[PDB]
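Asker: The structure follows.
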2 protein chains.
Amino acid sequence: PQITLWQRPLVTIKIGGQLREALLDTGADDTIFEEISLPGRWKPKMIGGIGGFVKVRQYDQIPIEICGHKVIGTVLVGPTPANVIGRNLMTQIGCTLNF
Amino acid sequence: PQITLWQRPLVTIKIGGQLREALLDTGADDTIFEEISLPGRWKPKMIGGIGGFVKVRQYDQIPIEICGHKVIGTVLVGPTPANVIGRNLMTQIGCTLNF
Ligand SMILES: CC(C)c1nc(CN(C)C(=O)N[C@H](C(=O)N[C@@H](Cc2ccccc2)C[C@H](O)[C@H](Cc2ccccc2)NC(=O)OCc2cncs2)C(C)C)cs1
């Protein structure tokens with residue numbers, strides 16, 4: 001679908017059997033969630049934003065259902081005031097900017 | 001323009017006679033620019049993201065030229081590891097997200 005930007009680009013997500021809303025963020029290289037339980041091993045990792053750094057957990061090969069689409073990729077779980085879907089997943093569902 | 005997301009969505013900008021490169025960021029409501037010089041008086045505003053918050057200067061009604069499109073809007077200037085064009089300016093050039 002086409003998404004205008006007069007409102008936050010929010011999509012409904014299904015991950016690890018858990019439902020949540022995420023922000024389609026083109027300005028984000030990776031995907032990050034604030035509070036969801038994912039199974040398996042994870043690798044410590046740190047990401048930076050406008051505020052500073054953040055210790056997150058990296059999980060790979062995680063099936064995520066984006067707006068009705070089944071995609072698999074690396075998901076970061078850590079302290080964030082907003083759930084974000086980055087370009088690492090947006091390319092799998094064919095997202096493109098247009099103007 | 002149709003831009004895919006295999007690369008960061010960067011665009012060239014002419015702002016206040018200065019040339020910059022910015023990221024088209026749908027996950028940002030406001031436009032943030034790291035150090036540039038702008039006219040007139042501002043208002044000490046604070047914004048947040050990953051890591052925390054930051055103190056910035058809020059400039060209203062500043063003309064920006066994105067890909068040859070000239071629009072006037074609010075620009076925040078402050079410490080930021082990357083210039084960001086938010087939704088406040090992206091709606092001006094009719095930029096949509098498609099997939
Ligand atoms: C509370 C919540 C419901 C919301 N608040 C807001 C309003 N706010 C504050 C913003 O839009 N703030 C913007 C912002 O940081 N947006 C962010 C999303 C976000 C929003 C709110 C809270 C936390 C993160 C999204 C932006 O694309 C930035 C851009 C960027 C990239 C490199 C270096 C610096 C900056 N992205 C990141 O910092 O991404 C970090 C990463 C996560 N995974 C991989 S990198 C500013 C640039 C203005 C929107 S949703």
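Going by the structure tokens order, chains are called A, B, ..., each with residues numbered from 1, while ligands are numbered from 1 in the order shown.
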Taking only C-alpha atoms into account, what are the residues of chain B at most 8 Å from chain A, put as a PyMOL selection string?

Answerer: chain B and resi 1-6+8-9+23-29+48-54+79-81+84+87-88+90-91+93-99

Asker: Please return the superposed copy of chain B as an mmCIF file with N, CA, C and O atoms, in the first residue's frame; the fit should be least squares onto chain A across all sequentially paired Cα atoms.

Answerer:
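Result saved to part_16.cif:
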```cif
data_model
loop_
_atom_site.group_PDB
_atom_site.id
_atom_site.type_symbol
_atom_site.label_atom_id
_atom_site.label_comp_id
_atom_site.auth_asym_id
_atom_site.auth_seq_id
_atom_site.Cartn_x
_atom_site.Cartn_y
_atom_site.Cartn_z
ATOM 1 N N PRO B 1 0.851 -1.149 -0.376
ATOM 2 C CA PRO B 1 0.419 0.029 0.393
ATOM 3 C C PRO B 1 1.073 1.341 0.037
ATOM 4 O O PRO B 1 2.288 1.408 -0.174
ATOM 5 N N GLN B 2 0.285 2.405 -0.047
ATOM 6 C CA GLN B 2 0.893 3.698 -0.237
ATOM 7 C C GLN B 2 0.599 4.441 1.029
ATOM 8 O O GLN B 2 -0.566 4.626 1.371
ATOM 9 N N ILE B 3 1.622 4.887 1.751
ATOM 10 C CA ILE B 3 1.288 5.627 2.929
ATOM 11 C C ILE B 3 1.907 7.006 2.836
ATOM 12 O O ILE B 3 3.088 7.152 2.513
ATOM 13 N N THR B 4 1.094 8.020 3.120
ATOM 14 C CA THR B 4 1.543 9.402 3.132
ATOM 15 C C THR B 4 2.189 9.607 4.495
ATOM 16 O O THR B 4 2.109 8.731 5.354
ATOM 17 N N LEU B 5 2.814 10.758 4.714
ATOM 18 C CA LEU B 5 3.494 10.973 5.980
ATOM 19 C C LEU B 5 2.925 12.022 6.926
ATOM 20 O O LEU B 5 3.650 12.559 7.768
ATOM 21 N N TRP B 6 1.632 12.301 6.809
ATOM 22 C CA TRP B 6 1.000 13.274 7.693
ATOM 23 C C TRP B 6 0.827 12.676 9.080
ATOM 24 O O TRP B 6 0.529 13.376 10.045
ATOM 25 N N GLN B 7 1.019 11.364 9.160
ATOM 26 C CA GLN B 7 0.931 10.624 10.409
ATOM 27 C C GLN B 7 2.146 9.715 10.440
ATOM 28 O O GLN B 7 2.697 9.382 9.391
ATOM 29 N N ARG B 8 2.573 9.325 11.638
ATOM 30 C CA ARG B 8 3.717 8.430 11.778
ATOM 31 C C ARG B 8 3.368 7.128 11.077
ATOM 32 O O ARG B 8 2.284 6.587 11.273
ATOM 33 N N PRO B 9 4.278 6.611 10.240
ATOM 34 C CA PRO B 9 4.037 5.362 9.512
ATOM 35 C C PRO B 9 4.101 4.110 10.387
ATOM 36 O O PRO B 9 5.124 3.427 10.440
ATOM 37 N N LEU B 10 2.996 3.819 11.065
ATOM 38 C CA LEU B 10 2.905 2.656 11.948
ATOM 39 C C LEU B 10 2.280 1.451 11.270
ATOM 40 O O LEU B 10 1.357 1.589 10.472
ATOM 41 N N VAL B 11 2.786 0.268 11.598
ATOM 42 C CA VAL B 11 2.258 -0.969 11.042
ATOM 43 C C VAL B 11 2.166 -2.004 12.146
ATOM 44 O O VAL B 11 2.939 -1.966 13.100
ATOM 45 N N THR B 12 1.214 -2.923 12.023
ATOM 46 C CA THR B 12 1.042 -3.950 13.038
ATOM 47 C C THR B 12 1.942 -5.145 12.750
ATOM 48 O O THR B 12 2.070 -5.591 11.612
ATOM 49 N N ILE B 13 2.554 -5.669 13.804
ATOM 50 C CA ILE B 13 3.494 -6.775 13.678
ATOM 51 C C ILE B 13 3.232 -7.967 14.596
ATOM 52 O O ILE B 13 2.837 -7.803 15.746
ATOM 53 N N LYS B 14 3.449 -9.167 14.068
ATOM 54 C CA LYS B 14 3.347 -10.364 14.855
ATOM 55 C C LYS B 14 4.748 -10.918 14.912
ATOM 56 O O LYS B 14 5.303 -11.340 13.902
ATOM 57 N N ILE B 15 5.328 -10.912 16.104
ATOM 58 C CA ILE B 15 6.693 -11.356 16.297
ATOM 59 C C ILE B 15 6.773 -12.276 17.510
ATOM 60 O O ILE B 15 6.424 -11.888 18.622
ATOM 61 N N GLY B 16 7.226 -13.504 17.285
ATOM 62 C CA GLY B 16 7.343 -14.457 18.372
ATOM 63 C C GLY B 16 6.013 -14.715 19.050
ATOM 64 O O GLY B 16 5.957 -14.929 20.261
ATOM 65 N N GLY B 17 4.941 -14.694 18.263
ATOM 66 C CA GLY B 17 3.618 -14.926 18.806
ATOM 67 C C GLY B 17 3.056 -13.709 19.513
ATOM 68 O O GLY B 17 1.939 -13.741 20.027
ATOM 69 N N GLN B 18 3.825 -12.628 19.540
ATOM 70 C CA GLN B 18 3.382 -11.409 20.204
ATOM 71 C C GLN B 18 2.991 -10.359 19.172
ATOM 72 O O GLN B 18 3.561 -10.306 18.085
ATOM 73 N N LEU B 19 2.007 -9.533 19.510
ATOM 74 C CA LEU B 19 1.559 -8.493 18.598
ATOM 75 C C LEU B 19 2.095 -7.138 19.022
ATOM 76 O O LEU B 19 2.003 -6.758 20.184
ATOM 77 N N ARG B 20 2.655 -6.412 18.063
ATOM 78 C CA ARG B 20 3.220 -5.101 18.333
ATOM 79 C C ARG B 20 2.916 -4.109 17.229
ATOM 80 O O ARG B 20 2.442 -4.471 16.158
ATOM 81 N N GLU B 21 3.189 -2.845 17.508
ATOM 82 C CA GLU B 21 2.999 -1.791 16.532
ATOM 83 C C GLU B 21 4.398 -1.215 16.330
ATOM 84 O O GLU B 21 5.128 -0.980 17.291
ATOM 85 N N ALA B 22 4.790 -1.026 15.077
ATOM 86 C CA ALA B 22 6.114 -0.501 14.792
ATOM 87 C C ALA B 22 6.077 0.604 13.754
ATOM 88 O O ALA B 22 5.140 0.717 12.961
ATOM 89 N N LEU B 23 7.122 1.417 13.773
ATOM 90 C CA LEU B 23 7.252 2.542 12.868
ATOM 91 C C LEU B 23 8.150 2.155 11.694
ATOM 92 O O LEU B 23 9.261 1.663 11.897
ATOM 93 N N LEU B 24 7.651 2.371 10.473
ATOM 94 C CA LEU B 24 8.461 2.105 9.300
ATOM 95 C C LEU B 24 9.494 3.213 9.265
ATOM 96 O O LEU B 24 9.171 4.351 8.973
ATOM 97 N N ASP B 25 10.726 2.886 9.554
ATOM 98 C CA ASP B 25 11.766 3.895 9.657
ATOM 99 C C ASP B 25 12.911 3.763 8.654
ATOM 100 O O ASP B 25 13.790 2.912 8.801
ATOM 101 N N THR B 26 12.895 4.621 7.636
ATOM 102 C CA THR B 26 13.922 4.614 6.603
ATOM 103 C C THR B 26 15.256 5.156 7.118
ATOM 104 O O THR B 26 16.306 4.919 6.517
ATOM 105 N N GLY B 27 15.208 5.875 8.238
ATOM 106 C CA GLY B 27 16.418 6.424 8.823
ATOM 107 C C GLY B 27 17.117 5.458 9.769
ATOM 108 O O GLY B 27 18.052 5.836 10.472
ATOM 109 N N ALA B 28 16.666 4.208 9.790
ATOM 110 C CA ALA B 28 17.256 3.191 10.654
ATOM 111 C C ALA B 28 17.740 2.022 9.811
ATOM 112 O O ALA B 28 17.020 1.549 8.934
ATOM 113 N N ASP B 29 18.960 1.558 10.066
ATOM 114 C CA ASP B 29 19.495 0.430 9.313
ATOM 115 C C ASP B 29 18.949 -0.861 9.895
ATOM 116 O O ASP B 29 18.630 -1.798 9.166
ATOM 117 N N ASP B 30 18.842 -0.891 11.222
ATOM 118 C CA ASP B 30 18.368 -2.058 11.953
ATOM 119 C C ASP B 30 16.980 -1.885 12.550
ATOM 120 O O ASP B 30 16.484 -0.767 12.703
ATOM 121 N N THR B 31 16.372 -3.015 12.897
ATOM 122 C CA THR B 31 15.049 -3.053 13.496
ATOM 123 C C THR B 31 15.242 -3.188 14.999
ATOM 124 O O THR B 31 16.011 -4.034 15.455
ATOM 125 N N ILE B 32 14.559 -2.271 15.683
ATOM 126 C CA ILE B 32 14.613 -2.191 17.117
ATOM 127 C C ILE B 32 13.230 -2.319 17.687
ATOM 128 O O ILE B 32 12.269 -1.691 17.269
ATOM 129 N N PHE B 33 13.199 -3.182 18.670
ATOM 130 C CA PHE B 33 12.012 -3.492 19.425
ATOM 131 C C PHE B 33 12.283 -3.373 20.897
ATOM 132 O O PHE B 33 13.270 -3.893 21.413
ATOM 133 N N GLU B 34 11.377 -2.677 21.538
ATOM 134 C CA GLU B 34 11.428 -2.548 22.980
ATOM 135 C C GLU B 34 10.703 -3.742 23.523
ATOM 136 O O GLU B 34 9.625 -4.113 23.070
ATOM 137 N N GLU B 35 11.341 -4.344 24.501
ATOM 138 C CA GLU B 35 10.936 -5.521 25.234
ATOM 139 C C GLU B 35 9.854 -6.388 24.653
ATOM 140 O O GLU B 35 8.673 -6.021 24.584
ATOM 141 N N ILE B 36 10.319 -7.545 24.230
ATOM 142 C CA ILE B 36 9.503 -8.594 23.681
ATOM 143 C C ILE B 36 10.274 -9.855 24.002
ATOM 144 O O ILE B 36 11.474 -9.752 24.262
ATOM 145 N N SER B 37 9.670 -11.015 24.006
ATOM 146 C CA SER B 37 10.511 -12.159 24.300
ATOM 147 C C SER B 37 10.821 -13.013 23.079
ATOM 148 O O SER B 37 9.913 -13.483 22.386
ATOM 149 N N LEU B 38 12.124 -13.217 22.823
ATOM 150 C CA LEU B 38 12.590 -14.029 21.717
ATOM 151 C C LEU B 38 13.517 -15.171 22.084
ATOM 152 O O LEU B 38 14.347 -15.113 22.987
ATOM 153 N N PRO B 39 13.297 -16.232 21.297
ATOM 154 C CA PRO B 39 14.065 -17.507 21.392
ATOM 155 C C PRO B 39 15.578 -17.433 21.255
ATOM 156 O O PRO B 39 16.132 -16.467 20.718
ATOM 157 N N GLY B 40 16.240 -18.467 21.725
ATOM 158 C CA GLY B 40 17.638 -18.672 21.412
ATOM 159 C C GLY B 40 18.603 -17.669 21.978
ATOM 160 O O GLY B 40 18.229 -16.775 22.727
ATOM 161 N N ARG B 41 19.863 -17.866 21.601
ATOM 162 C CA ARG B 41 20.942 -17.041 22.117
ATOM 163 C C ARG B 41 21.135 -15.787 21.290
ATOM 164 O O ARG B 41 20.826 -15.754 20.102
ATOM 165 N N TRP B 42 21.647 -14.749 21.937
ATOM 166 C CA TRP B 42 21.879 -13.470 21.291
ATOM 167 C C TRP B 42 23.327 -13.029 21.434
ATOM 168 O O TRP B 42 24.184 -13.794 21.872
ATOM 169 N N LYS B 43 23.587 -11.783 21.059
ATOM 170 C CA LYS B 43 24.920 -11.205 21.143
ATOM 171 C C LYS B 43 24.798 -9.745 21.581
ATOM 172 O O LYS B 43 24.164 -8.938 20.902
ATOM 173 N N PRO B 44 25.405 -9.391 22.728
ATOM 174 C CA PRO B 44 25.355 -8.022 23.250
ATOM 175 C C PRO B 44 25.889 -7.002 22.255
ATOM 176 O O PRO B 44 27.097 -6.844 22.104
ATOM 177 N N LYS B 45 24.977 -6.313 21.579
ATOM 178 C CA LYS B 45 25.342 -5.309 20.590
ATOM 179 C C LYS B 45 24.953 -3.924 21.092
ATOM 180 O O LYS B 45 24.086 -3.787 21.957
ATOM 181 N N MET B 46 25.603 -2.900 20.554
ATOM 182 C CA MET B 46 25.316 -1.522 20.936
ATOM 183 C C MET B 46 25.010 -0.683 19.707
ATOM 184 O O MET B 46 25.656 -0.825 18.668
ATOM 185 N N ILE B 47 24.017 0.188 19.823
ATOM 186 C CA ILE B 47 23.640 1.048 18.714
ATOM 187 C C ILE B 47 23.540 2.485 19.198
ATOM 188 O O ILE B 47 23.374 2.739 20.391
ATOM 189 N N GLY B 48 23.644 3.425 18.266
ATOM 190 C CA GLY B 48 23.564 4.825 18.633
ATOM 191 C C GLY B 48 22.532 5.594 17.836
ATOM 192 O O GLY B 48 22.077 5.140 16.787
ATOM 193 N N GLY B 49 22.165 6.762 18.353
ATOM 194 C CA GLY B 49 21.194 7.621 17.700
ATOM 195 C C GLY B 49 21.280 8.982 18.364
ATOM 196 O O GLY B 49 22.344 9.353 18.855
ATOM 197 N N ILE B 50 20.184 9.734 18.376
ATOM 198 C CA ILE B 50 20.187 11.034 19.036
ATOM 199 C C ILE B 50 20.274 10.766 20.532
ATOM 200 O O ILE B 50 19.633 9.847 21.040
ATOM 201 N N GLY B 51 21.063 11.562 21.239
ATOM 202 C CA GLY B 51 21.182 11.362 22.671
ATOM 203 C C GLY B 51 22.314 10.434 23.067
ATOM 204 O O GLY B 51 22.969 10.659 24.082
ATOM 205 N N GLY B 52 22.553 9.387 22.285
ATOM 206 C CA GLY B 52 23.633 8.486 22.635
ATOM 207 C C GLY B 52 23.548 7.064 22.124
ATOM 208 O O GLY B 52 23.026 6.804 21.040
ATOM 209 N N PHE B 53 24.073 6.138 22.922
ATOM 210 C CA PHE B 53 24.096 4.725 22.561
ATOM 211 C C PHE B 53 23.293 3.897 23.557
ATOM 212 O O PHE B 53 22.955 4.371 24.639
ATOM 213 N N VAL B 54 22.998 2.656 23.186
ATOM 214 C CA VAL B 54 22.260 1.757 24.061
ATOM 215 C C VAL B 54 22.728 0.327 23.856
ATOM 216 O O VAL B 54 23.168 -0.046 22.766
ATOM 217 N N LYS B 55 22.638 -0.462 24.920
ATOM 218 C CA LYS B 55 23.028 -1.866 24.887
ATOM 219 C C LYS B 55 21.785 -2.660 24.490
ATOM 220 O O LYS B 55 20.712 -2.470 25.063
ATOM 221 N N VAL B 56 21.922 -3.543 23.509
ATOM 222 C CA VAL B 56 20.788 -4.347 23.064
ATOM 223 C C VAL B 56 21.190 -5.795 22.823
ATOM 224 O O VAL B 56 22.374 -6.133 22.840
ATOM 225 N N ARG B 57 20.194 -6.644 22.606
ATOM 226 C CA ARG B 57 20.438 -8.052 22.324
ATOM 227 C C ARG B 57 20.198 -8.243 20.835
ATOM 228 O O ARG B 57 19.196 -7.778 20.298
ATOM 229 N N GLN B 58 21.120 -8.922 20.169
ATOM 230 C CA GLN B 58 20.985 -9.154 18.745
ATOM 231 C C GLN B 58 20.506 -10.567 18.470
ATOM 232 O O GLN B 58 21.183 -11.535 18.809
ATOM 233 N N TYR B 59 19.330 -10.680 17.864
ATOM 234 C CA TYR B 59 18.782 -11.981 17.512
ATOM 235 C C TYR B 59 18.793 -12.112 15.997
ATOM 236 O O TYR B 59 18.308 -11.233 15.283
ATOM 237 N N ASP B 60 19.357 -13.208 15.507
ATOM 238 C CA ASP B 60 19.445 -13.437 14.074
ATOM 239 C C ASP B 60 18.424 -14.444 13.585
ATOM 240 O O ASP B 60 18.041 -15.362 14.310
ATOM 241 N N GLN B 61 17.988 -14.257 12.346
ATOM 242 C CA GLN B 61 17.027 -15.146 11.717
ATOM 243 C C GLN B 61 15.704 -15.319 12.452
ATOM 244 O O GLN B 61 15.230 -16.440 12.633
ATOM 245 N N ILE B 62 15.105 -14.206 12.868
ATOM 246 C CA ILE B 62 13.817 -14.251 13.548
ATOM 247 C C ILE B 62 12.732 -13.879 12.543
ATOM 248 O O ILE B 62 12.836 -12.878 11.841
ATOM 249 N N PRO B 63 11.680 -14.696 12.448
ATOM 250 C CA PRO B 63 10.593 -14.410 11.507
ATOM 251 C C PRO B 63 9.642 -13.321 11.997
ATOM 252 O O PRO B 63 9.168 -13.362 13.130
ATOM 253 N N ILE B 64 9.376 -12.343 11.138
ATOM 254 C CA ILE B 64 8.470 -11.252 11.472
ATOM 255 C C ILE B 64 7.380 -11.186 10.418
ATOM 256 O O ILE B 64 7.622 -11.482 9.247
ATOM 257 N N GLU B 65 6.181 -10.799 10.835
ATOM 258 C CA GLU B 65 5.067 -10.678 9.909
ATOM 259 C C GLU B 65 4.589 -9.237 9.888
ATOM 260 O O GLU B 65 3.975 -8.761 10.842
ATOM 261 N N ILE B 66 4.887 -8.548 8.792
ATOM 262 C CA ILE B 66 4.510 -7.153 8.616
ATOM 263 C C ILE B 66 3.397 -7.091 7.580
ATOM 264 O O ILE B 66 3.582 -7.533 6.446
ATOM 265 N N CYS B 67 2.246 -6.549 7.973
ATOM 266 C CA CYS B 67 1.095 -6.441 7.072
ATOM 267 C C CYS B 67 0.805 -7.738 6.316
ATOM 268 O O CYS B 67 0.419 -7.709 5.149
ATOM 269 N N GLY B 68 0.996 -8.874 6.977
ATOM 270 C CA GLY B 68 0.729 -10.141 6.328
ATOM 271 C C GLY B 68 1.908 -10.675 5.542
ATOM 272 O O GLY B 68 1.846 -11.772 4.983
ATOM 273 N N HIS B 69 2.982 -9.897 5.475
ATOM 274 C CA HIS B 69 4.179 -10.335 4.768
ATOM 275 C C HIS B 69 5.102 -10.936 5.812
ATOM 276 O O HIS B 69 5.422 -10.286 6.806
ATOM 277 N N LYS B 70 5.519 -12.179 5.610
ATOM 278 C CA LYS B 70 6.409 -12.803 6.576
ATOM 279 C C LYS B 70 7.832 -12.823 6.040
ATOM 280 O O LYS B 70 8.083 -13.285 4.927
ATOM 281 N N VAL B 71 8.758 -12.301 6.838
ATOM 282 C CA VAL B 71 10.163 -12.259 6.466
ATOM 283 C C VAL B 71 11.007 -12.634 7.672
ATOM 284 O O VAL B 71 10.578 -12.473 8.813
ATOM 285 N N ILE B 72 12.201 -13.154 7.420
ATOM 286 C CA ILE B 72 13.102 -13.543 8.495
ATOM 287 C C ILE B 72 14.295 -12.592 8.485
ATOM 288 O O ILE B 72 14.842 -12.292 7.426
ATOM 289 N N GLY B 73 14.686 -12.111 9.660
ATOM 290 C CA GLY B 73 15.810 -11.198 9.741
ATOM 291 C C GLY B 73 16.350 -10.978 11.144
ATOM 292 O O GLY B 73 15.890 -11.584 12.114
ATOM 293 N N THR B 74 17.343 -10.104 11.247
ATOM 294 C CA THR B 74 17.956 -9.785 12.528
ATOM 295 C C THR B 74 17.107 -8.758 13.269
ATOM 296 O O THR B 74 16.728 -7.734 12.704
ATOM 297 N N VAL B 75 16.804 -9.042 14.530
ATOM 298 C CA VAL B 75 16.022 -8.129 15.347
ATOM 299 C C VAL B 75 16.802 -7.776 16.611
ATOM 300 O O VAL B 75 17.317 -8.652 17.303
ATOM 301 N N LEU B 76 16.902 -6.486 16.898
ATOM 302 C CA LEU B 76 17.605 -6.025 18.087
ATOM 303 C C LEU B 76 16.546 -5.712 19.133
ATOM 304 O O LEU B 76 15.532 -5.091 18.824
ATOM 305 N N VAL B 77 16.772 -6.162 20.361
ATOM 306 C CA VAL B 77 15.844 -5.896 21.455
ATOM 307 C C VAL B 77 16.589 -5.097 22.518
ATOM 308 O O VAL B 77 17.699 -5.451 22.913
ATOM 309 N N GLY B 78 15.980 -4.013 22.973
ATOM 310 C CA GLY B 78 16.619 -3.194 23.978
ATOM 311 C C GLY B 78 15.809 -1.960 24.304
ATOM 312 O O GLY B 78 14.790 -1.696 23.670
ATOM 313 N N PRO B 79 16.249 -1.174 25.294
ATOM 314 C CA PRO B 79 15.536 0.043 25.688
ATOM 315 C C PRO B 79 15.354 0.994 24.513
ATOM 316 O O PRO B 79 16.328 1.478 23.939
ATOM 317 N N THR B 80 14.103 1.251 24.153
ATOM 318 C CA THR B 80 13.799 2.148 23.050
ATOM 319 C C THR B 80 12.385 2.688 23.211
ATOM 320 O O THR B 80 11.440 1.932 23.421
ATOM 321 N N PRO B 81 12.225 4.013 23.128
ATOM 322 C CA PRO B 81 10.908 4.634 23.272
ATOM 323 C C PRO B 81 9.938 4.376 22.117
ATOM 324 O O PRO B 81 8.837 4.930 22.093
ATOM 325 N N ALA B 82 10.338 3.541 21.163
ATOM 326 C CA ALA B 82 9.471 3.228 20.030
ATOM 327 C C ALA B 82 10.005 2.077 19.192
ATOM 328 O O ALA B 82 11.197 2.010 18.907
ATOM 329 N N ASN B 83 9.117 1.170 18.794
ATOM 330 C CA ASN B 83 9.522 0.040 17.975
ATOM 331 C C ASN B 83 9.802 0.554 16.567
ATOM 332 O O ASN B 83 9.027 1.326 16.005
ATOM 333 N N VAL B 84 10.918 0.113 16.002
ATOM 334 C CA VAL B 84 11.338 0.557 14.687
ATOM 335 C C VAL B 84 11.676 -0.568 13.710
ATOM 336 O O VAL B 84 12.435 -1.482 14.034
ATOM 337 N N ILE B 85 11.075 -0.502 12.529
ATOM 338 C CA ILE B 85 11.368 -1.434 11.459
ATOM 339 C C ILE B 85 12.370 -0.732 10.555
ATOM 340 O O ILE B 85 12.027 0.215 9.846
ATOM 341 N N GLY B 86 13.621 -1.184 10.552
ATOM 342 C CA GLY B 86 14.644 -0.543 9.742
ATOM 343 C C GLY B 86 14.720 -1.015 8.301
ATOM 344 O O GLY B 86 13.894 -1.804 7.841
ATOM 345 N N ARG B 87 15.728 -0.521 7.592
ATOM 346 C CA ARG B 87 15.948 -0.867 6.190
ATOM 347 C C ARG B 87 16.295 -2.341 5.982
ATOM 348 O O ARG B 87 16.029 -2.897 4.921
ATOM 349 N N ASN B 88 16.886 -2.973 6.989
ATOM 350 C CA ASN B 88 17.260 -4.377 6.880
ATOM 351 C C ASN B 88 16.042 -5.261 6.639
ATOM 352 O O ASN B 88 16.156 -6.337 6.064
ATOM 353 N N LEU B 89 14.877 -4.805 7.082
ATOM 354 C CA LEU B 89 13.649 -5.570 6.911
ATOM 355 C C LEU B 89 12.740 -4.960 5.862
ATOM 356 O O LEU B 89 11.941 -5.664 5.243
ATOM 357 N N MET B 90 12.866 -3.650 5.661
ATOM 358 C CA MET B 90 12.041 -2.960 4.679
ATOM 359 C C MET B 90 12.350 -3.352 3.244
ATOM 360 O O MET B 90 11.474 -3.286 2.385
ATOM 361 N N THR B 91 13.586 -3.766 2.983
ATOM 362 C CA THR B 91 13.964 -4.174 1.633
ATOM 363 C C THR B 91 13.361 -5.538 1.322
ATOM 364 O O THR B 91 13.197 -5.902 0.159
ATOM 365 N N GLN B 92 13.029 -6.280 2.375
ATOM 366 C CA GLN B 92 12.444 -7.611 2.257
ATOM 367 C C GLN B 92 11.055 -7.564 1.637
ATOM 368 O O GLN B 92 10.673 -8.445 0.862
ATOM 369 N N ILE B 93 10.292 -6.543 2.000
ATOM 370 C CA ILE B 93 8.945 -6.401 1.480
ATOM 371 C C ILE B 93 8.887 -5.423 0.313
ATOM 372 O O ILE B 93 7.814 -4.968 -0.072
ATOM 373 N N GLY B 94 10.052 -5.113 -0.251
ATOM 374 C CA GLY B 94 10.123 -4.201 -1.380
ATOM 375 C C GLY B 94 9.509 -2.842 -1.114
ATOM 376 O O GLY B 94 8.745 -2.323 -1.922
ATOM 377 N N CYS B 95 9.856 -2.256 0.022
ATOM 378 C CA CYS B 95 9.333 -0.957 0.409
ATOM 379 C C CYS B 95 10.195 0.186 -0.149
ATOM 380 O O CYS B 95 11.383 0.277 0.150
ATOM 381 N N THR B 96 9.600 1.054 -0.964
ATOM 382 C CA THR B 96 10.335 2.179 -1.543
ATOM 383 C C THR B 96 9.826 3.534 -1.074
ATOM 384 O O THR B 96 8.694 3.668 -0.606
ATOM 385 N N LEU B 97 10.678 4.542 -1.217
ATOM 386 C CA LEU B 97 10.333 5.899 -0.832
ATOM 387 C C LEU B 97 10.135 6.686 -2.129
ATOM 388 O O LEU B 97 11.035 6.753 -2.965
ATOM 389 N N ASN B 98 8.953 7.272 -2.300
ATOM 390 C CA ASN B 98 8.645 8.013 -3.519
ATOM 391 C C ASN B 98 8.195 9.449 -3.305
ATOM 392 O O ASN B 98 7.537 9.771 -2.316
ATOM 393 N N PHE B 99 8.561 10.308 -4.253
ATOM 394 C CA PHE B 99 8.189 11.717 -4.220
ATOM 395 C C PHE B 99 8.512 12.372 -5.560
ATOM 396 O O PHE B 99 8.883 11.690 -6.514
#
```

Asker: Select from chain A everything DSSP, run on the backbone, classes as alpha helix (DSSP H), then give the selection as JSON, numbers by chain.

Answerer: {"A": [87, 88, 89, 90]}

Asker: Would you export the selected residues with N, CA, C and O atoms as a compact mmCIF listing (two decimals), in the first residue's frame, please?

Answerer:
```
# COMPACT_ATOMS: atom_id res chain seq x y z
N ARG A 87 15.78 -0.59 7.50
CA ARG A 87 15.98 -0.94 6.10
C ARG A 87 16.37 -2.40 5.91
O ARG A 87 16.27 -2.94 4.81
N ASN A 88 16.82 -3.05 6.98
CA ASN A 88 17.22 -4.45 6.89
C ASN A 88 16.00 -5.33 6.63
O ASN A 88 16.10 -6.41 6.05
N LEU A 89 14.83 -4.86 7.05
CA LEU A 89 13.60 -5.62 6.85
C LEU A 89 12.75 -4.98 5.77
O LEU A 89 12.05 -5.67 5.03
N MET A 90 12.82 -3.66 5.66
CA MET A 90 12.04 -2.95 4.65
C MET A 90 12.39 -3.34 3.23
O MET A 90 11.55 -3.23 2.33
```
